[PDB]
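Trainee: can't give you the sequence, but here's the structure:
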Ligand SMILES: COc1ccc(S(=O)(=O)N(CC(C)C)C[C@@H](O)[C@H](Cc2ccccc2)NC(=O)O[C@H]2CO[C@H]3OC[C@H](OC)[C@H]32)cc1
Ligand SMILES: [Cl-]
Ligand SMILES: [Cl-]
Ligand SMILES: [Cl-]
Ligand SMILES: [Cl-]
Ligand SMILES: [Y+2]
Ligand SMILES: [Y+2]
């Protein structure tokens, strides 16, 4: 799709079998969800944005269905106020900015 | 321009006469800079990042030169770790996402 930015750029995503909405976020290096449970081992990580830092779990090689593509990427899980799709996932679907 | 997202999408801007770089950030509703000085009245505001909230000053009707366009918009000023260009500014230059 092509979208303008008059509204928040939410997309519907299936991540580890779980349906979620997430913000296409060109200012986010990684992808982040709250309230999903993913199997297997993970590693601890922290991330920073405005406001401060969020504590997360990092899962590698997780399935993400997004914009008709199936991608396998890293997902961070922690109590973000909104779910975000970062550049790590958007590069895999060839997303571009036009301005 | 059209850009991919393999690197962080920085752009050079002039905001209230000061040159800065800022991240084109589709996940940000508003535009925020650190360490700029703007004249005149302002209103207090907070913004919630992933971390909670950053305290800012809100300036209305501020010049921003971005991507060969000159726009007038609202700018928030406060100690963000990275300057961002949000959707309030990007809609004024007709930016779009393709994915
Ligand atoms: C109402 O208006 C705004 C309200 C909030 C923001 S924001 O900066 O908090 N933000 C809101 C998002 C989270 C819904 C914009 C994001 O694009 C933000 C923009 C950003 C970029 C860098 C530093 C701080 C913030 N990036 C981060 O949350 O990125 C996180 C996740 O990926 C990592 O890469 C960059 C960060 O690593 C530091 C990590 C901006 C305008
Ligand atoms: Cl890992
Ligand atoms: Cl990694
Ligand atoms: Cl980069
Ligand atoms: Cl300071
Ligand atoms: Y990793
Ligand atoms: Y400073």
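Mentor: Here it is on my side, so go on. Numbers count the residues shown, from 1 in each chain, chains lettered A, B, ... in the order given. Ligands and ions are numbered 1, 2, ... in the order given.
Trainee: Tell me who's in contact with the residue of chain A at minimum distance from ligand 2.
Mentor: With C-beta to the ion as the measure, residue A:60 is the residue of chain A nearest to ligand 2, at 4.2 Å. C-betas here are computed from N, CA, C, even on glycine. When contacts are counted by C-beta atoms under 8 Å, 6 or more residues apart in numbering or on different chains, residue A:60 touches residue A:74.
Trainee: Can you give me the distance of it to residue A:30?
Mentor: According to C-beta to C-beta, to the nearest Å, residue A:60 stands 12 Å off from residue A:30.
Trainee: what sits in contact with each of those two?
Mentor: In contact with both residue A:60 and residue A:30: residue A:74, using C-beta under 8 Å, 6+ apart.
Trainee: ok now the strand or helix carrying residue A:88, how far from the chain's centre?
Mentor: For residue A:88, the element it lies in under DSSP states H and E is helix A:87-90. In terms of C-alpha atoms, centre = their mean, to the nearest Å, the centre of helix A:87-90 is found 8 Å from the chain centre.
Trainee: From the contact counts, what lies against it?
Mentor: strand A:69-77 (3 or more C-beta pairs under 8 Å, 6 or more residues apart in numbering or on different chains; DSSP states H and E).
Trainee: if you look at the strand it packs on, does any of it touch ligand 1?
Mentor: No. Using C-beta under 6 Å from any ligand atom, strand A:69-77 stays clear of ligand 1, coming no nearer than 7.8 Å.
Trainee: Pairing partners for that strand, with directions?
Mentor: According to DSSP bridges, strand A:69-77 forms sheet pairs with strand A:32-33 (parallel), strand A:52-66 (antiparallel).
Trainee: Kindly compare burial across those strands and name the winner.
Mentor: strand A:32-33 (a mean of 25; mean count of other C-beta atoms under 10 Å in any protein chain shown).
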